[PDB]
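**Student:** model this:
(chains A, B, C, D, E and F)
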Amino acid sequence: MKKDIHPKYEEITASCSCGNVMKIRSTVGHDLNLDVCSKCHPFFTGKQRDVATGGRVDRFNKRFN
Amino acid sequence: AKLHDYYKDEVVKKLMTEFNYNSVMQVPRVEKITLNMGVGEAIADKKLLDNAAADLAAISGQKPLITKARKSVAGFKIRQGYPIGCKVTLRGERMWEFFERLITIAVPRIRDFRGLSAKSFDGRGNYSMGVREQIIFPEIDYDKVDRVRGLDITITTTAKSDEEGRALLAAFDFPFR
Amino acid sequence: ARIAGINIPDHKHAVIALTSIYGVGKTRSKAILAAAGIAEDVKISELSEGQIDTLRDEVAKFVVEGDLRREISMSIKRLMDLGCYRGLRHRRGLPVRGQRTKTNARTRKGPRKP
Amino acid sequence: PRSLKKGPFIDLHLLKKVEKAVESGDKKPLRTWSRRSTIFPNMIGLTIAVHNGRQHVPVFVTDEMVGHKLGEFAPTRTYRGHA
RNA sequence: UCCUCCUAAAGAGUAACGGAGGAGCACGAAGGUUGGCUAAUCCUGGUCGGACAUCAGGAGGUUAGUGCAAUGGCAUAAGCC
RNA sequence: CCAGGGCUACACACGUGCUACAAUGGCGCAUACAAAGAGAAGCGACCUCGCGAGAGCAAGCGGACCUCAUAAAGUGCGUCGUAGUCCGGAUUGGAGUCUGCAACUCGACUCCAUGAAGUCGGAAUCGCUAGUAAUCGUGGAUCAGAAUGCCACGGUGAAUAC
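**Tutor:** Numbering: from 1, shown residues only, chains lettered A, B, ... in the order given. Structure as follows:
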């Protein structure tokens, strides 16, 4: 690489709010806590929960005996 | 980095026991990752260009190169030799660092991830994804706010098919609707 | 500071800045602060991480931005696929609930251009 | 809307004819002037020609439309354009 | 007045109020050298981005380029840095 | 005579009003001051549940006695700190209560979610000389339901007339 024009590039140690630690080399300036990470995520665990696209026979027959 | 090690164990063993292989040079490896930032408004104002270059230096690792317009078209009112876009190419160690940063910390924040497309592939092993907004990379202070300024990433593997590069990216624990 | 939809403007009060998430208005943000026990006087500026994730799980159990966007766009789309009158007024660009359309209903149909 | 302690509404003639056409199985468009009566689960599988004031417009009843009423699928005021 | 093509009849030359186009300049780099590089056009994917700017890959071989008209030429590049 | 539709449509133009564009305000909490009314197939306490619209049981009252009915601005405490904003409440989606055979065309209200134009309005033009204008709330007729209109009642209450 060129020796001056690039900024710093430090290994910083983030901790997800779910708890997982990650030692990654980047250029933030501080160890920053993300809210969600790729572990204990909705879609990476399988928690996407697609809506029932019309349960109108369940709705009606729930409403009326 | 560590996903280079995870590649050299798990991904290469899964691609060995996925396709019929003799040699370890059949199995593809990702050569490079290229960021593009297609600014296009540098014919109007000029400081947006170097601030978008600063955003690419913030998101990626190294400094972006300002690319020039090759063919001049009046339909976008552009001229030969104008600084019209920006690009970074990361290969090797910094590519593996950016790849683990894309997987681990970036795509979790992509604002209603309903599963990104899998028909995106090229025909010779290239993925291409265009983020609508650059916030999802956490390296921004957010206190600076300029514009939207989204970018796009093009990953180039030496795979031949799209089965090949698609299963190779799926070996890297990729979401893939 | 960083919640699943977008950020929170850190200088406002508690319920006032919690409402800025798409998907929760004022009484429901009041229910969130009741569930965390957070008084409304503290702003988001003072809020350390313990109160932040105690806010995060309680707003996670509530319905949030992206799936609500999907639900409203899908329900409108489904009514339009049906063939009813409500979806038909969603197709044309006129109000759906029986408004006066002789002279008013300008918000649904835009500026008074021609 | 109707209160949900009362239940749904269906006119006696419409109910009896729908039950007769479901039992005997013939799926011709039966004609009615009873737009207000709400559809039921019993009513999928039949095109029905409902009144609108001039003609009987036929609707095919599918899965989704069971909560709505019959008059939602027959536009009364036919408007084509001012120019 | 000068330049390029054709008539010009396979050396040069060769007319008409014959058929066609251009010049009265530019550049201290657009010159010299060393080192490097190879086009045009379509196809696919990709944020704004669109027939068409930017990016990545593929077919294809000079159909591209030459400071400026035409002929000859150019890959060892006379093209580009 | 009967069933359904239409009078409620909608590129458009006008009149009359309500509401906002905010700090002389918004919101939360606490607290004070009236008048005129209306009421029998009606008016509905108190009590049980509901965030609620309400529902259930349900005494009193042909009314100076019961019932709607709690008047709100005001007064006091804190925040908001000049932003399309804790201003605005239009539109839309879901969930509901009530009345009536029936709430889709086309009722009203509650609740949750969203938060449109709007930063005082060109050429013009209107009303008003005092408990008046301006601002604030209540009530009644019509009525199964459905007022931002109409008709009243009152609370704070100006400026100017050379």
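**Student:** ok, which stretches of the chain are helices?
**Tutor:** No chain specified, so I'll use chain A. When assigned using DSSP state H, the helices of chain A occupy the ranges A:42-45, A:56-63.
**Student:** ah, no, chain B please
**Tutor:** B:2-6, B:12-16, B:47-59, B:93-101, B:162-170.
**Student:** isn't residue D:76 up against residue D:53?
**Tutor:** Yes - look at residue D:76 against residue D:53 with C-beta atoms under 8 Å: they come within range, at 5.8 Å. Quick note: C-beta positions are derived from backbone N, CA and C, even for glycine.
**Student:** okay, now residue 42: neighbour count?
**Tutor:** Assuming you mean chain A. By other C-beta atoms under 10 Å in any protein chain shown, 16 other residues sit near residue A:42.
**Student:** oops, I was thinking of chain D
**Tutor:** Residue D:42: 13 neighbours (other C-beta under 10 Å).
**Student:** contacting residues for it?
**Tutor:** Counting by C-beta atoms under 8 Å, 6 or more residues apart in numbering or on different chains, residue D:42 makes contact with D:18, D:19, D:22.
**Student:** 10 Å - rerun?
**Tutor:** D:10, D:15, D:18, D:19, D:22, D:66 (C-beta atoms under 10 Å, 6 or more residues apart in numbering or on different chains).
**Student:** with residue B:50 instead?
**Tutor:** B:42, B:64, B:66, B:83, B:86 are the contacts of residue B:50 under C-beta under 10 Å, 6+ apart.
**Student:** gap between it and residue B:39?
**Tutor:** For residue B:50, the distance to residue B:39 (C-beta to C-beta, to the nearest Å) stands at 10 Å.
**Student:** who touches both of these two?
**Tutor:** B:66, B:83, B:86.
**Student:** relative to residue D:68, how far out is residue C:89?
**Tutor:** Distance from residue C:89 to residue D:68, by C-beta to C-beta: 14 Å.
**Student:** picking that back up, need the helices of chain B in a markdown table (columns: distance to residue D:4).
**Tutor:** What follows is these, written out as a markdown table (distance: least, C-beta to C-beta, whole Å):
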| stretch | distance to residue D:4 |
| --- | --- |
| helix B:2-6 | 56 |
| helix B:12-16 | 55 |
| helix B:47-59 | 53 |
| helix B:93-101 | 53 |
| helix B:162-170 | 48 |
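**Student:** those: which one's closest to residue C:109?
**Tutor:** helix B:47-59 (36.4 Å; C-beta to C-beta).
**Student:** need the CA coordinates for that closest one. PDB is fine.
**Tutor:** The C-alpha trace of helix B:47-59 is given here as PDB (Å, rounded to 0.1, in the frame of the first residue of the first chain):
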ATOM      1  CA  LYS B  47     -17.400  19.000  -3.100                       C
ATOM      2  CA  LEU B  48     -20.000  16.300  -3.100                       C
ATOM      3  CA  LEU B  49     -17.400  14.200  -5.000                       C
ATOM      4  CA  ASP B  50     -14.700  14.400  -2.400                       C
ATOM      5  CA  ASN B  51     -17.200  14.000   0.400                       C
ATOM      6  CA  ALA B  52     -18.500  10.800  -1.300                       C
ATOM      7  CA  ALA B  53     -14.800   9.700  -1.600                       C
ATOM      8  CA  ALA B  54     -14.500  10.300   2.200                       C
ATOM      9  CA  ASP B  55     -17.600   8.100   2.700                       C
ATOM     10  CA  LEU B  56     -16.000   5.400   0.700                       C
ATOM     11  CA  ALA B  57     -12.800   5.700   2.600                       C
ATOM     12  CA  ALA B  58     -14.900   5.500   5.800                       C
ATOM     13  CA  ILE B  59     -16.900   2.400   4.700                       C
END
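**Student:** how far off helix B:93-101 does that helix point, in degrees?
**Tutor:** 80 degrees (axes from the mean of the first three to the mean of the last three C-alpha atoms, to 10 degrees).
**Student:** could you list the buried residues of helix B:47-59?
**Tutor:** B:48, B:49, B:52, B:53, B:55, B:56, B:57, B:58, B:59 (16 or more other C-beta atoms under 10 Å in any protein chain shown).
**Student:** just those residues that are near chain A?
**Tutor:** B:57, B:58, B:59 (C-beta under 10 Å from any C-beta of the partner chain).
**Student:** distance of the second one relative to residue A:27?
**Tutor:** Summarising the geometry, the distance separating residue B:58 from residue A:27, computed by C-beta to C-beta, is 7 Å.
**Student:** now do the shared contacts for the two.
**Tutor:** With C-beta under 10 Å, 6+ apart as the test, residue B:58 and residue A:27 both reach A:7, B:139.
**Student:** shared neighbours of residue D:76 and residue D:53, anything?
**Tutor:** With C-beta under 10 Å, 6+ apart, residue D:76 and residue D:53 have common neighbours residue D:35.
**Student:** which non-adjacent residue is nearest residue 22?
**Tutor:** I'll assume chain A. Counting by C-beta to C-beta, 6 or more residues apart in numbering or on different chains, residue A:14 is the residue found nearest to residue A:22 once chain neighbours are left out, at 5.1 Å.
**Student:** try again with chain C
**Tutor:** residue C:65 (4.1 Å).
**Student:** likewise residue C:36?
**Tutor:** Per C-beta to C-beta, 6+ apart, closest to residue C:36 is residue C:54, 4.7 Å.
**Student:** now do residue D:2
**Tutor:** residue D:9 (6.8 Å).
**Student:** and residue A:11, by the same measure?
**Tutor:** In space, residue A:11 is closest to residue A:25, 4.6 Å off (C-beta to C-beta, 6+ apart).
**Student:** which residues of chain B lie near chain A?
**Tutor:** So chain B meets chain A at B:1-2, B:54, B:57-63, B:93-94, B:97-98, B:100-110, B:113-116, B:137-141, B:173-175, B:177 (C-beta under 10 Å from any C-beta).
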